[PDB]
Amino acid sequence: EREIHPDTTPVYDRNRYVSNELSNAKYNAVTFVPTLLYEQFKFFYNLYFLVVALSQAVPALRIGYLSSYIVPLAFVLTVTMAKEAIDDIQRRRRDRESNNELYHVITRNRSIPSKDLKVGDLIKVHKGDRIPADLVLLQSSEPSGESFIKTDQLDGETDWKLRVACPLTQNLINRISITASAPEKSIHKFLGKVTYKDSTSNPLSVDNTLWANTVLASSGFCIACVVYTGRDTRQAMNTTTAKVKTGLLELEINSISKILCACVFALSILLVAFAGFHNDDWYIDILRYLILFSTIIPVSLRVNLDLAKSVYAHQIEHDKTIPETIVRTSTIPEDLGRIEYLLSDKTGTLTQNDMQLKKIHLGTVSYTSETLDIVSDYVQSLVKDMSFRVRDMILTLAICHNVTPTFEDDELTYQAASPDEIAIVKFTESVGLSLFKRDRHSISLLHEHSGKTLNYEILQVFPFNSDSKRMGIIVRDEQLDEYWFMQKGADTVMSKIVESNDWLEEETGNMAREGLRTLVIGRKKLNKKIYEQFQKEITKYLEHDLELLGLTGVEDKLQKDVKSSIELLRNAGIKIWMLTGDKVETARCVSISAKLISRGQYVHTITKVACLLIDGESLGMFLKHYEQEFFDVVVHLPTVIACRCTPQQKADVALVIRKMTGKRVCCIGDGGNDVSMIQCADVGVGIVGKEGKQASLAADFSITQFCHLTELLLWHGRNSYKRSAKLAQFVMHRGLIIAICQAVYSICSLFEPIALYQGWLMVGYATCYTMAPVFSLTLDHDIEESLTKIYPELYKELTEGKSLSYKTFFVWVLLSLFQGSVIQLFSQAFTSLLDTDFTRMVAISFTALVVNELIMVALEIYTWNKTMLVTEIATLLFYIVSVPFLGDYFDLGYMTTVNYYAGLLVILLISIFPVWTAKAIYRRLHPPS
Ligand SMILES: Nc1ncnc2c1ncn2[C@@H]1O[C@H](COP(=O)(O)OP(=O)(O)CP(=O)(O)O)[C@@H](O)[C@H]1O
Ligand SMILES: [Mg+2]
């Protein structure tokens, strides 16, 4: 709470208030680098190769070139800051160029920057410039004081918001004082007071304030007074750092990284023990040999995965089948492939948000889409008692809504913040009572039918609330001058308020199991004196005693091709729930019509202080104490339906599921009514085409309505997981092969394992000779995108993890042992291992190893793309031409013997025959189609 006076300039200009300068990282950015790295320092593989780097800091463990040392760590740092440092420096850039934006001061009569701006002084902000800070409107260019504002960057709202000024201060210019409250966090709330001469209090709210990222129009300029200072602005509190996201793939990579660390440590112990424990310094020997074993795999895997994220995001955002998709968190674009649960809303996500009124019932008299003649002639007769009730009901429909019009040649269009009333006005104009232009800021109501033009005006309005479930108005006529109080909303709150009437409950139930969402209308005749004593000013006095008018039933057309999507889902074996705050009867009806339940599948319901339905209170009570047994029940049930849920229990459901099973779930939603279930989700998908947009921009993914996600999960997540699995398999594959090569060399020559490979050879093998086949396999697939619909069942082949486990690691280890051992032993046997021809043995070893890699990458090929087959030939010719001139220091010699090629071909044939035959027999064993 503060008191703002514009005439007391120095007391805020000097100090006591935060300057408009925003600083992010200066003199602390260095302190920022380890702690952020600390999360990366939490993962044991980063620890692993970071200690590999740190080992050579001792001036005794330099075993290879420094060019083999700097490039991996430098390149991984370059990649990992490539995404974030550019954004950080751009943030600093438009922070600095915004804080020097010149602004005119009424008192100082000259332009000053944002730094010189203070609190309480009056600024004329123009149409073509953004609002600098948080202010409150006191005078505008419009005599009414109303203007349209834009906050596309402040919050997720994209439409243009009404903002009125104080009527007392809009006429002004004498000095005017304000009183404000403490800094808060709410993005849709404000409170204040205006004090003028002789202390005349004037109220303030969110309707009369402008914040830091607001954009002005609907005027030329306006006079506004600053309120919040620097850090006190809500953007400094309502914006928080995004939490780190962890995928299961990287966790199991960390696990197998520890496994490989232990394995190579044991191998180093074995080689050192077999050496004879000489040289009197065992520890330096085991450390240097460990580093020699640990210099190929851990760093290459990281960059391969990062390039995988990059190309995967490119492929997602470069599909004609998937128009206008946005990835917002590229840290884990991978877990979508292994998802078992779907948590979703029906509002927009599972619907088209197209509304049509179908049945309306008043006084045991039911009207439908048909029989519009009676209601039409009633409208024409507006300008016995049942007819009067009908026309009054039409009047209440046509007035109480908060819809905005827009004119064109014909079929005048309507937009609002709740489109159910757009459906209402559509029905009313279809009957014959055509509403027209609405000020929605001043008092005007125009309604023309086949007769004569009718005009009203609202005496007072109360906006709808997400908790009040109500909206009420009072309206005065000009033609007949009566006071009509009208109330609209849910019956659950106003049923006891309206009357002691009997015919509400059972009819609401009737249209409930008709699959119709229904709201209810009441009226009351008021007078002038009670209206003005009400206007003297809590909520209790507004509603005293109403009278029921009727109720309406509106249906919605479900989303395009829901049934195909759902059948593809449970032929993919994936599990889907349904949590939404709707009513139980409309929920079961819409799930039946969406074919969420097949034949049979008995439905059970829960109400407390196959299929199953549970209310929100009972959901919280079962998530309250009886947690674990409830979790055990819900996991095995094919479908779960919940009703009457405010988002906190949705977030709790997500948290307890992810914490009690450790699996990856998908939680898709839209609008402000489900903001929590994305921010706590493993993946969040945005919905476009519906009024709500903050959740979609605050999400991680974006699809049109529902369809893309389907093809995003079947054809894209599965392929992503398969190619990542092949990448990991191949990288540990050739790393273990070369490591076993050095190991067998040390067995056959007890000098040192270092003596086999040093220098540029291992550098090029780590970087230049092998990455191109890996990135070629990164693009390879098997099944066309058009064919993923026919065969979703392959999902049931990835839920278990048969490709990433301990046994998979052992299988790849054993295969690598086999091939590396046969190559090394046969080479040493056929080449007569000595110290003179050592160049010949090491050359044929490197050549055979690299060509074996470049052939086995071709073995694991499903489709032969025109862009893929060139990649390995380029590396092959690069190897061929890199021998005589590029390297030309190590392993120099002839090597072009007639018997050399024969021996090489036979040894490679021996090494690649059993795996090729095994793949052929496995293809004969498990034929896909
Ligand atoms: N402006 C409004 N004020 C009060 N209640 C409303 C409303 N618009 C719709 N309702 C009804 O109240 C219930 C909850 O509305 P809420 O304020 O949570 O928005 P919502 O996004 O959940 C609409 P829905 O549930 O139909 O998708 C809905 O079942 C709806 O029928
Ligand atoms: Mg929402």
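So for chain A, numbering is Swiss-Prot's, and the shown residues are 154-325, 331-541, 560-713, 732-803, 822-1141, in order.
Looking at the header, which is where the method is noted, we find electron microscopy, 5.6 Å.
Cβ coordinates are placed from backbone N, Cα and C, and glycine is handled just like the others.
The feature transmembrane segment is assigned by Swiss-Prot to 185-205 (among others). Distant neighbours of the transmembrane segment (185-205): 178, 225-226, 233, 402, 408, 411-412, 415-416, 419, 449, 452-453, 456-457, 459-460; these residues of the same chain sit at least 6 beyond its ends, with a Cβ under 8 Å from one of its Cβ atoms.
If you look up Swiss-Prot, you'll see 206-209 (among others) marked as topological domain 'Cytoplasmic', on the strength of sequence analysis. With a threshold of 8 Å between CB atoms, the same-chain residues lying at least 6 positions outside the topological domain 'Cytoplasmic' (206-209) that come near it are 215-216, 222, 225-226, 445, 449.
Summarising the annotation, Swiss-Prot assigns transmembrane segment to 210-230 (among others).
Among the features that Swiss-Prot reports, transmembrane segment is placed at 368-388 (among others), with the record citing sequence analysis.
The topological domain 'Cytoplasmic' feature in Swiss-Prot is assigned to 389-416 (among others). Using a Cβ-Cβ cut-off under 8 Å and counting only residues 6 or more beyond its ends in the same chain, the topological domain 'Cytoplasmic' (389-416) has close neighbours at 171, 175, 192, 196-198, 201, 286-287, 307, 341-345, 369-371, 456, 459, 463, 487, 489-490, 492-493, 496, 875-876, 894, 933, 936, 940, 944, 1013, 1016, 1021.
Feature annotation from Swiss-Prot assigns transmembrane segment to 417-437 (among others); the stated evidence is sequence analysis.
According to Swiss-Prot, the transmembrane segment annotation covers 439-459 (among others).
Look at Swiss-Prot and you will find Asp503 tagged as active site, 4-aspartylphosphate intermediate, backed by a curator's inference. According to its DSSP assignment, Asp503 (active site, 4-aspartylphosphate intermediate) is coil. Other C-beta atoms found within 10 angstroms of the C-beta of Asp503 (active site, 4-aspartylphosphate intermediate) number 25, with every protein chain shown included.
What Swiss-Prot records for 503-505, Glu597, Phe640, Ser642, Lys645, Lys664, 693-694, 774-776, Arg856, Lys862, 885-886 is ATP binding site. Taking the Cβ of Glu597 (ATP binding site) as centre and 10 Å as the limit, one finds 21 other Cβ atoms among all the protein chains shown.
Marked as Mg(2+) binding site by Swiss-Prot on the basis of similarity to another entry: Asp503, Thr505, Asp882, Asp886. A helical conformation is recorded for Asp886 (Mg(2+) binding site) in the three-state DSSP classification.
When Cβ-Cβ distances below 8 Å are used as the criterion, the transmembrane segment (948-968) is approached by residues 216, 422, 425, 429, 432-434, 446-447, 450-451, 454, 974, 977, 1024-1025, 1028-1029, 1031-1033, 1035-1037, 1040, 1045, 1054, 1057, 1061, 1065 of the same chain, each at least six residues removed from its ends. Residues annotated as transmembrane segment in Swiss-Prot: 948-968 (among others).
Feature annotation from Swiss-Prot assigns transmembrane segment to 971-991 (among others).
The annotation topological domain 'Cytoplasmic' is assigned in Swiss-Prot to 992-1020 (among others).
Residues or ranges marked as transmembrane segment in Swiss-Prot: 1021-1041 (among others). Remote same-chain residues near the transmembrane segment (1021-1041) are listed as 414, 417-418, 421, 941, 944-946, 948-953, 956-957, 960, 1053, 1056-1057, 1060-1061, 1064, 1119, 1122-1123, 1127 (criterion: CB distance under 8 Å, separation of at least six residues from the stretch ends).
Under the heading topological domain 'Extracellular', Swiss-Prot lists 1042-1052 (among others).
Annotation source Swiss-Prot lists transmembrane segment at 1053-1073 (among others).
A contact links the transmembrane segment (1110-1130) to the transmembrane segment (1053-1073), because at least 3 Cβ pairs that are 6 or more residues apart lie under 8 A. Gap check: 5 residues are unmodelled from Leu325 to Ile331, and the C-alpha separation across it is 5 Å. The Mg(2+) site is defined by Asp503, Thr505, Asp882, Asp886, and by the 8 Å test on Cβ atoms against their centroid, the other residues of the chain that qualify are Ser502, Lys504, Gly506, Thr507, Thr774, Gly881, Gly883, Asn885, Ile899, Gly904, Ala907. When Cβ-Cβ distances below 8 Å are used as the criterion, the topological domain 'Extracellular' (1042-1052) is approached by residues 960-961, 1102-1105, 1107, 1115, 1119 of the same chain, each at least six residues removed from its ends.
Between the transmembrane segment (439-459) and the transmembrane segment (1079-1099), the number of CB pairs under 8 angstroms, six or more residues apart, is fewer than three, so the stretches are not in contact.
Within the set of binding-site residues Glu597, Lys645, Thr694, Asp776, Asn885, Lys645, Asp776, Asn885 have a CB atom less than 6 Å from some atom of ligand 1. Distance across the unmodelled 18-residue segment, from the CA of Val541 to the CA of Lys560, is 15 Å in the deposited entry. Here the listed stretches are 210-230, 368-388, 971-991, 1079-1099, and the one with the most C-beta pairs under 8 angstroms to the transmembrane segment (1053-1073) is 971-991.
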